[PDB]
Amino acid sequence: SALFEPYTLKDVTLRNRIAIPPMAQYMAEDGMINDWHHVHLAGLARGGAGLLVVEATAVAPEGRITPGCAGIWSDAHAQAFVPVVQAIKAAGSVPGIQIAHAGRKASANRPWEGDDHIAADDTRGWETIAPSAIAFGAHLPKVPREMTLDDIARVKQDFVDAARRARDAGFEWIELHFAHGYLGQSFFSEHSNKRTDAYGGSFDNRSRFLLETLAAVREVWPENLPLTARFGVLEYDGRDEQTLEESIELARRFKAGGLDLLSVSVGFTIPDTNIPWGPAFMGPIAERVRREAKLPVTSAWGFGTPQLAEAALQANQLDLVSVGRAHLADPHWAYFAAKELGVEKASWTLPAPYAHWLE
């Protein structure tokens, strides 16, 4: 099986092509992770996936999506990850982390607590920041504050500090969160970026925050560990061909600036869109990016059916298959997939105290 072939990128070797993408848990307190995350992540790692990417972890307090989001904006925050990283490595999975800044979508309720912007007089909330003072709309009506040049320098440096901390906590894979309508994505999109300075207008200017952040992170992130980003390459907003062309051009620039792999997503920059949800629907768009930017890729949405994952790899649409919700349902999904795809000694996807009994 393609799904169970190892993958080497820089000095890191994944035991198979199953990636667990970042999945926010909304269980942290003032950014500090706890035994929710420890058990969740260690249990996932033991399930057999080759790569486990920790959830969106805020580079600054105001960059959290919600009051439950994980953070890495101080060394004490980073320390809390050390035992989790060590547990993921003990299980033979590669520990990764997505570092993030929610931008205008920040200061929101947890998804099961309303999923909407927090009320102005709720003591948990905070002012959001963004390229331009324009609301997302819908359930996120808060107008963010337009960033100053010093705000841009400060957030870039927060990404650097976050990557340095990730490195020193022992992560072997980093993912910059430039997708899903959060800060980075919103600098790229003309929908959310109306700036008239060096960080808006032209393609070069809209790309600038993302390229500068990548370059700054590259200074502290070891050249021998994969440097990745997640990026929304289209919006399904009636501007898809033009948006894809520009997104692919930016992916070429990312590659030239040392990006090792791109996690290809949808932008979610604005609500008025028509996304054609379906099993593996991103496969063709991921394949186009892979081909036209000559960059390895992963993507997600509906690959919990093992045969879809296998088919995407065999068709060279993806290099890794990211499988999210199926892993919340069953932390041992990789074992399920191994059985489905006829892997010999499938139960040894799991550690011995499980594997021995499941032959």
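Counting begins at 1, following the sequence as shown.
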116-124 set against 226-234, stretch whose average Cα temperature factor tops the other in the entry: 116-124
Regarding 65-73 and 308-316, which shows the higher C-alpha temperature factor on average in the entry? 308-316
Kindly indicate the residue among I275, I152, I99, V217 with the greatest C-alpha B-factor in the PDB record. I275
Can you tell me which of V94, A162, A138, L176 has the highest Cα temperature factor in the record? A138
Assert third(CA B-factor, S192) within chain per record equals middle
So where's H180 on the chain's Cα temperature factor ranking, which third? lowest
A78 - which third its CA temperature factor falls in, relative to the rest of the chain: middle
What third of the chain, by the recorded C-alpha B-factor, contains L295? highest
Among the modelled residues of its chain, the C-alpha B-factor of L210 falls in the third labelled lowest
